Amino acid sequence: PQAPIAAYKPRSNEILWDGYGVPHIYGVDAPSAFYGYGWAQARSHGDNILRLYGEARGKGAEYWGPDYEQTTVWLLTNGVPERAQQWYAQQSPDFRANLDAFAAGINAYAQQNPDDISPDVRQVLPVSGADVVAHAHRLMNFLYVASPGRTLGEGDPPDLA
């Protein structure tokens, strides 16, 4: 039959980054790997991650003003932030700990490297497991499946680069 190659068994927690900035995250258990993964993402994409999490809280208008307001109304009206709190509580305990670790990795990157976080997303920190669930919820159900454009009778895709 032929078995696969022997799985590697990490003995310490470390990110080995290669020459293209790809993180190879080794964790001694699941929560450690998810923490490493959040650290890495914060390093490579921290600012836009924090912005996105802020929006998924329904706090885009509060944090960043009128350009974020229609998304705020869409998400609050569709009850997205509160639903994310519920989905978060409804996680299995083990997976919840993975989500908590991921969020803790982001917070930790930011805390250790505050120079790398843009001023106007600093107010988003700290992030939580529930923020992670919320961003995924808004992406899947309220961008991919149900877009504001199709409900409101608008059209052209997002426009903020």
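Residue indices: 1-based, along the sequence shown.
So which stretch wins on mean C-alpha B-factor, 147-155 or 12-20?
Averaged over C-alpha atoms, the B-factors run higher in 147-155.
Among the modelled residues of its chain, does the C-alpha B-factor of residue 47 lie in the lowest, middle or highest third?
Ranked within chain, residue 47 CA B lands in the middle tercile.
State the tercile, meaning the lowest, middle or highest third, of residue 41 with respect to the CA B-factors recorded for its chain.
Lowest third of the chain for residue 41's C-alpha B-factor.
Using the temperature factors of the C-alpha atoms in this entry, rank residue 70 within its chain: lowest, middle or highest third.
CA B-factor rank for residue 70: highest third.
Grab the CA temperature factor for residue 26 from the record and place it in the lowest, middle or highest third of its chain.
It belongs to the middle third of the chain when residues are ordered by C-alpha B-factor.
Could you look up the Cα B-factor of residue 114 in the entry and say which third of the chain it sits in: lowest, middle or highest?
Middle third, going by the recorded CA B-factors of the chain.
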